[PDB]
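To begin, one chain is listed below as structure tokens, in the form deposited in one PDB entry.
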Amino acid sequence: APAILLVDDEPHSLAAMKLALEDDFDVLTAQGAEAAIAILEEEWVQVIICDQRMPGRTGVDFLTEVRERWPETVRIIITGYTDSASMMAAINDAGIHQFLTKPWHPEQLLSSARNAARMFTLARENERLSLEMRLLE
């Protein structure tokens, strides 16, 4: 089953985000870029959420690669420093579907999640149709 990947510098927000999502998804949790890529390798992930402000590699960077190695996956950013334009510009260059502000309702953040996974589902069958309708003409 498609899980959701949680990826934040502070391990107390993975803790939280899980508490909000665990009841509905298979939550996978990671402490940063290099740590997280490791997981998308072995396990299968429908949705990912990433702190932007992370030591070393930023969410936007991580996700530029995620976009490249596993394009079937819905990418989401999350920020408490929502006031910066540089960021948004960065966000707006990458293929980032949702950007959430901190903090967040257990039921809101939960929703941006159910979204992503419904979306991941559309996109994924939206492609099936194609592939299979190619194998006709």
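All residue numbers refer to positions in the sequence shown, first residue = 1. Throughout, rigid core stands for the largest set of C-alpha atoms superposing within 1.5 Å between the two forms.
The protein also exists as the form deposited in another entry; that form is not presented, and the subsequent description refers to it.
Aligning on the rigid core, do we see the C-alpha of residue 80 shift 2 angstroms or more between the shown form and the other one?
After core superposition, the displacement of the residue 80 C-alpha between the shown form and the other one reaches the 2 Å mark, so yes.
Superposing on the rigid core, is the CA of residue 70 displaced by 2 Å or more between the shown form and the other one?
Comparing forms between the shown form and the other one, the residue 70 CA shifts below 2 Å.
After fitting the core, residue 118 CA displacement of 2 Å or more between the shown form and the other one:
After core superposition, the C-alpha of residue 118 moves less than 2 Å between the shown form and the other one.
How does the C-alpha distance between residue 130 and residue 95 change in that other deposited form compared with the present structure, closer or farther, given a change of 3 angstroms or more?
Compared with this form, residue 130 and residue 95 lie farther apart in that other deposited form.
Knowing the shift is 3 Å or more, I'd like to know if the C-alpha atoms of residue 104 and residue 34 are closer or farther apart in that other deposited form than in the shown chain.
It is closer: the C-alpha separation of residue 104 and residue 34 falls by at least 3 Å in that other deposited form.
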